[PDB]
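Remarks on the structure that follows.
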Amino acid sequence: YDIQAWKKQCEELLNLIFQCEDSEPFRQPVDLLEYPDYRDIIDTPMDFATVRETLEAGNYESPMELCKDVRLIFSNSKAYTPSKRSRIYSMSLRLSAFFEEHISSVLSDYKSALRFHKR
Ligand SMILES: Cc1cc(Cn2nc(C)ccc2=O)on1
């Protein structure tokens, strides 16, 4: 029932994501010089360095907020892909499965801890 435990758990999961080869296209903001129409398709760019920085700055109140930003990385990849068979989009689907597999217990533990706090 540790209300704060999610933060270190998210730091560790981000470290695992950074060591994954599938995260390479998502580690830094999408290069607007290489994809000049990116902002015509994507309203809110997101990447894993921005997520890690937001977490380290103490600018996430809960793992749900972190999860919303990570999911935005994947939805942006899906929205920008010209094909569901593209390399970057295919990497995003594997990385998303890995993320969802690991974030589930973090969210469950946090919500359980908060319910215990308000019992
Ligand atoms: C994340 C992310 C990276 C890209 C942009 N992109 N990158 C390459 C190498 C080829 C096609 C292409 O669309 O789009 N979202």
Side-chain angles (χ1 to χ4, degrees), residues 1-7 9-119:
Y1 307 126
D2 182 338
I3 296 163
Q4 283 94 48
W6 65 277
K7 185 167 177 185
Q9 288 163 359
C10 286
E11 290 168 352
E12 292 168 351
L13 178 51
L14 286 168
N15 287 342
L16 290 176
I17 289 165
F18 271 88
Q19 77 178 226
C20 283
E21 290 180 4
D22 284 337
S23 71
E24 210 276 336
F26 313 104
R27 290 171 195 169
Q28 300 293 326
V30 169
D31 191 330
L32 308 168
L33 277 165
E34 300 174 332
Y35 321 97
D37 63 341
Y38 193 74
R39 297 299 314 276
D40 301 338
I41 317 297
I42 303 305
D43 286 330
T44 311
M46 192 48 60
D47 65 276
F48 288 107
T50 296
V51 171
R52 179 180 264 164
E53 284 159 3
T54 303
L55 185 64
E56 290 12 288
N59 290 356
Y60 283 130
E61 189 179 5
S62 71
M64 291 86 73
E65 294 180 348
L66 179 143
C67 189
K68 180 173 161 183
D69 283 350
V70 172
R71 287 168 174 176
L72 178 60
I73 299 170
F74 305 132
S75 60
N76 285 346
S77 178
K78 189 173 187 175
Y80 189 70
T81 198
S83 168
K84 283 183 171 179
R85 300 179 56 207
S86 297
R87 182 75 198 276
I88 294 179
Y89 175 65
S90 300
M91 289 165 86
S92 86
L93 295 178
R94 293 192 294 264
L95 198 66
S96 174
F98 178 80
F99 175 76
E100 295 296 332
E101 177 175 293
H102 289 79
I103 209 62
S104 50
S105 58
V106 177
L107 293 167
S108 292
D109 286 2
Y110 175 79
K111 299 180 179 183
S112 159
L114 218 53
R115 285 192 295 267
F116 188 78
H117 189 72
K118 307 175 202 310
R119 76 201 183 275

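Note that these values count all heavy atoms, side chains included, but never hydrogens, waters or copies made by symmetry. All ligand and atom numbering here is 1-based and tracks the order in the structure. Note that the numbering runs from 1 along the sequence shown for the chain.
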May I ask you to identify the nearest protein heavy atom to [atom], giving residue, atom name and distance to one decimal place in Å?
atom	value
atom 15 (N) of ligand 1	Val30 CG2, 3.9 Å
atom 11 (C) of ligand 1	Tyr35 CE2, 4.0 Å
atom 3 (C) of ligand 1	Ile88 CD1, 3.5 Å
atom 14 (O) of ligand 1	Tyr80 CD2, 3.4 Å

Practice prompt. Work out whether the distance between some heavy atom of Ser77 and some atom of ligand 1 is less than 4.0 Å.
Written response: no

Side-chain donor/acceptor of [X] to backbone N/O of [Y], under 3.5 Å:
X	Y	result
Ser108	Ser105	no
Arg119	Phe116	yes
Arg39	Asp43	yes
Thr54	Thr50	yes

Discussion item. Measuring only between side-chain heavy atoms, which start at C-beta, is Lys111 closer than 4.5 Å to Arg115?
Written reply: yes

Worksheet entry | Linked, directly or transitively: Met91 and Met46 (ILVMFWY side chains, under 4.5 Å) | yes

Discussion item. Please list, in number order, the atoms of ligand 1 under 4.0 Å from a heavy atom of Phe26.
Written reply: 1 (C)

Worksheet entry | Where ligand 1 meets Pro25 - atom numbers and elements under 4.0 angstrom, heavy-atom basis | 1 (C)

